[PDB]
Amino acid sequence: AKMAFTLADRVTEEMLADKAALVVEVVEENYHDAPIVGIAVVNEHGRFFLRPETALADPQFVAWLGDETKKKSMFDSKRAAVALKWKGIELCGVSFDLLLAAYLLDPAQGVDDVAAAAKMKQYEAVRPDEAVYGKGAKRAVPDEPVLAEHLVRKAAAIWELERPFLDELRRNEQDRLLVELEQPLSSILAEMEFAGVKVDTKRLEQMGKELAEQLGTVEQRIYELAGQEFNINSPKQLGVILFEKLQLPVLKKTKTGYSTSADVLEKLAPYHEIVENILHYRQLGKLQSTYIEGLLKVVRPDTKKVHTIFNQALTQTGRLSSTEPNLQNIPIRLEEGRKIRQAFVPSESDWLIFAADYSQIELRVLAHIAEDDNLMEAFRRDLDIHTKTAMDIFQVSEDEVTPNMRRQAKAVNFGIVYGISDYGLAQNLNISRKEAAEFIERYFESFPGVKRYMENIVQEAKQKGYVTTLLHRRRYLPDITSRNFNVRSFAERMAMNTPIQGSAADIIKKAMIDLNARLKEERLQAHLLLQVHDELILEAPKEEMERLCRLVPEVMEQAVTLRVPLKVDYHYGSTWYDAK
DNA sequence: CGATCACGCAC
DNA sequence: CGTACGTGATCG
Ligand SMILES: OC[C@H]1O[C@@](CO)(O[C@H]2O[C@H](CO)[C@@H](O)[C@H](O)[C@H]2O)[C@@H](O)[C@@H]1O
Ligand SMILES: OC[C@H]1O[C@@](CO)(O[C@H]2O[C@H](CO)[C@@H](O)[C@H](O)[C@H]2O)[C@@H](O)[C@@H]1O
Ligand SMILES: [Mg+2]
């Protein structure tokens with residue numbers, strides 16, 4: 001059953017053909033400055049394994065890697081490209097990435113190794129990575145014969161599966177989505193991750209100290225008000241204090257005990273002074289554990305940068321996610337947590353942080369896809385969309401919209417985008433199902449095009465088996481035909497929400513590609529650092545701000561043409577916090 | 001010692 | 001009511 005290959009001791013010309021499947025193996029999950037443990041090449045001339053110390057010191061091999069006219073097919077080329085950037089080696093000419101291809105064909109399969117992708121086309125002559133390397137404490141690179149066979153089998157699978165994957169993408173009208181959107185984006189994400197974001201660790205450490213002080217003060221107040229010391233971070237020890245010793249009302253349960261989620265606590269606050277303190281303690285503790293201690297844990301001590309990894313092949317809607325650290329969930333709503341962003345600073349002297357965000361991109365996308373006359377007109381007038389929604393559903397003039405009315409209309413707008421449900425809206429606004437249902441009815445009366453869209457997209461999902469986004473991303477929804485109400489209803493909300501969230505993802509991905517091309521044409525030093533779903537964060541010399549103020553919003557606004565304008569706001573400053 | 005829960009942070 | 005990730009506590 002074994003697969004034949006040459007275990008090479010040196011690089012030869014036949015390993016440098018102008019088309020090959022290439023494996024540059026990095027086993028560490030976080031590939032930043034990580035070891036390359038082996039290399040495999042499969043091409044018209046045969047199958048080869050190379051030790052990295054050999055290949056990466058070979059000028060002909062390094063030149064071949066960097067030659068855009070020598071085409072490579074890979075799985076997770078970003079991992080290889082970043083590991084190689086840390087070694088000062090450029091990887092070019094990647095014309096097919098099997099991870100991205102599998103992800104576009106069906107994000108729900110959770111493909112995260114070559115074996116998983118291969119199994120989609122009944123190809124099973126390759127082992128799962130976890131079977132070869134193990135996981136956790138037991139993880140390890142195996143001896144060379146085992147490692148080499150595995151890497152060659154992966155390269156061989158890629159070599160075989162490129163054509164059938166590309167053919168299916170073409171049938172789905174997704175080939176341009178792979179080749180013109182996701183693959184070029186992967187190179188841009190590699191650059192962003194490698195550049196990293198500079199952290200002011202002294203500032204973080206100062207914050208940590210002050211937080212520790214306040215945590216102590218609140219911890220003691222809590223013990224004083226409880227008349228006893230306990231582990232506040234145990235939802236179970238806390239449940240006893242709250243609902244037994246102090247007799248607070250049980251407004252909600254969890255399947256293992258009493259709920260102490262913030263929504264429940266907020267309702268209990270009027271009964272006892274301890275509750276406000278538990279909330280404050282939780283807020284501070286979140287900042288301390290996750291955003292100070294957690295961040296400091298992953299800052300590289302030499303450069304004081306953090307280098308996130310953007311998972312490009314995970315979310316079911318086409319968004320990116322971010323890990324180690326997650327730079328897509330840094331606090332902003334509450335001023336206390338917002339100050340964390342003061343610690344993210346430009347990487348060079350006299351540079352600044354520039355941040356540009358789409359204004360209401362999801363509702364603008366909804367206006368476009370639903371062709372709702374009222375919603376399109378609202379955005380053509382650049383109205384405050386929550387005030388407008390309040391005017392319509394509560395039937396009042398702009399003057400007559402109160403803050404509470406705008407607040408409830410805002411929640412309705414979220415619900416509509418998420419996949420509206422009377423129960424979920426009711427939970428969010430703390431009102432009755434019947435009341436939430438009345439709001440939803442008034443909304444559909446004011447935006448009948450949106451109502452028609454929500455009905456039609458659920459029927460389309462049922463008919464075709466999937467829904468699609470602007471640039472032809474797809475999500476299969478098998479549960480749409482379930483005879484279980486709750487299962488089916490969740491699938492219906494995904495049918496409604498995915499073309500909205502996913503088309504917004506497509507637009508900002510295209511914007512990133514267009515922006516990098518413009519930055520290069522203009523030879524600006526400015527470069528992307530982060531994407532947070534509907535916003536792009538850059539750093540640049542202070543002397544480039546004026547040019548960026550014009551260039552970045554324009555590129556983002558013009559990335560696609562919709563039936564309504566796109567609008568981008570922007571800010572810049574000496575830290576991420578100040579880019580407001 | 002990995003897997004799970006409950007919770008809270010972003011958009 | 002949609003999409004994510006990290007944490008401390010607990011589970012087994
Ligand atoms: O390299 C990213 C790419 O690798 C995958 C596995 O194929 O995820 C791995 O890499 C991560 C980043 O360090 C981890 O978060 C993840 O646990 C790990 O399996 C893909 O999911 C991802 O696109
Ligand atoms: O009465 C129609 C109304 O119900 C929805 C669910 O909110 O869909 C239901 O009715 C459809 C048939 O008309 C079914 O295909 C569907 O499976 C069922 O849940 C809405 O789509 C809708 O317009
Ligand atoms: Mg915004």
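Just so you know, these numbers use all the heavy atoms, side chains as well, and skip hydrogens, waters and symmetry mates. Numbers restart at 1 for each chain; the letters A, B, ... are given by sequence-line order, proteins then strands.
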**Study point:** Sugar-phosphate only, base, or nothing, as touched by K255(A) at under 4.0 Å among non-hydrogen atoms
**Key:** sugar-phosphate

Point to revise | Distance, rounded to the nearest Å, where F490(A) contributes CZ and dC1(C) contributes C1' | key: 10 Å

Point to revise | Whole angstrom value for the distance that separates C1' of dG2(C) from CD1 of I457(A) | key: 15 Å

Review point. Which part of the nucleic acid, if any, lies within reach of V532(A) when heavy atoms closer than 4.0 Å are counted: base, sugar-phosphate only, or nothing?
Key: sugar-phosphate

Study note, to complete from the structure: Atom CG of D534(A) and atom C1' of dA4(C) are separated, to the nearest Å, by 14 Å

Review point. Reckon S259(A) touches a base, only the sugar-phosphate, or nothing at all at heavy-atom distances under 4.0 Å?
Key: sugar-phosphate

Review point. Picking from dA9(C), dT3(C), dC1(C), which would you name as closest to the side chain of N231(A)?
Key: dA9(C)

Exercise for review: Measure the distance from CD1 on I500(A) to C1' on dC1(C) and round it to the nearest whole Å.
Suggested key: 12 Å

Practice item. For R338(A), answer base if it contacts any base atom (sugar-phosphate contacts may also be present), sugar-phosphate if it contacts only those atoms, and nothing otherwise; contact means non-hydrogen atoms under 4.0 Å. Key: nothing

Review point. Within the structure shown, what part of the strands sits under 4.0 Å from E324(A) by heavy-atom distance: base, sugar-phosphate, or nothing?
Key: sugar-phosphate

Exercise for review: Please work out if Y358(A) contacts a base, only the sugar-phosphate, or nothing of the nucleic acid, heavy-atom cut-off 4.0 Å.
Suggested key: nothing

Review point. How is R319(A) classified with respect to the nucleic acid when contacts are heavy atoms under 4.0 Å: base, sugar-phosphate, or nothing?
Key: base

Practice item. Please list residues of residues 262-284 of chain A whose heavy atoms come under 4.0 Å from any atom in DNA chain B, ordered by number; otherwise none. Key: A262(A), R282(A)

Exercise for review: Would you mind checking if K209(A) and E213(A) are paired as a salt bridge, meaning a charged N to carboxylate O distance below 4.0 Å?
Suggested key: no

Review point. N326(A) near the nucleic acid: base, sugar-phosphate alone, or nothing, with a heavy-atom cut-off under 4.0 Å?
Key: sugar-phosphate

Practice item. Check the pair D384(A) / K410(A) against salt bridge (charged side-chain N to carboxylate O under 4.0 Å, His left out), numbers first and verdict last. Key: CA-CA 10 Å; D384(A) 182 303; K410(A) 181 174 183 179; over 6 Å; no

Practice item. Find the distance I440(A):CD1 to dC1(C):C1' and express it as a whole number of Å. Key: 9 Å

Review point. Across the strands shown, which category fits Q316(A) at heavy-atom distances under 4.0 angstrom: base, sugar-phosphate, nothing?
Key: sugar-phosphate

Review point. With sugar-phosphate meaning primed atoms plus P, OP1 and OP2, does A426(A) contact a base, only sugar-phosphate, or nothing at under 4.0 Å between heavy atoms?
Key: nothing

Point to revise | side-chain contact (heavy atoms from CB on, under 4.5 Å) assessment of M556(A) paired with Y570(A) | key: CA-CA 11 Å; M556(A) 291 176 68; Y570(A) 52 93; over 6 Å; no

Point to revise | Distance below 4.0 Å between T498(A) side-chain N/O and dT3(C) OP1 or OP2 | key: no

Review point. Taking a pair as Watson-Crick (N1 to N3 plus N6-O4 or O6-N4) or G-U wobble (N1-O2 and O6-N3), both under 3.5 Å, which stems of 3 or more consecutive pairs involve DNA chain C?
Key: B:3-8 with C:5-10

Check your understanding: When you measure from the side chain of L314(A), which nucleotide among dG8(C), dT7(C), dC5(C) comes out closest?
Key -> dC5(C)

Review point. Using a cut-off of 4.0 Å on non-hydrogen atoms, how would the nucleic acid contact of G415(A) be classed: base, sugar-phosphate, or nothing?
Key: base

Review point. Taking any atom under 4.0 angstrom from a heavy atom of chain A, which nucleotides of DNA chain B are the first and last to qualify, 5' to 3'?
Key: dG2(B) to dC11(B)

Practice item. Remember a base hit wins even if backbone is also touched, and classify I416(A) as base, sugar-phosphate or nothing at under 4.0 Å, heavy atoms. Key: nothing

Check your understanding: Using a cut-off of 4.0 Å on non-hydrogen atoms, how would the nucleic acid contact of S421(A) be classed: base, sugar-phosphate, or nothing?
Key -> base

Check your understanding: Just checking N233(A): base, sugar-phosphate only, or nothing, at a heavy-atom cut-off of under 4.0 Å?
Key -> sugar-phosphate

Review point. Which of these nucleotides, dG6(C), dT10(C), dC1(C), is closest to any side-chain atom of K286(A)?
Key: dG6(C)

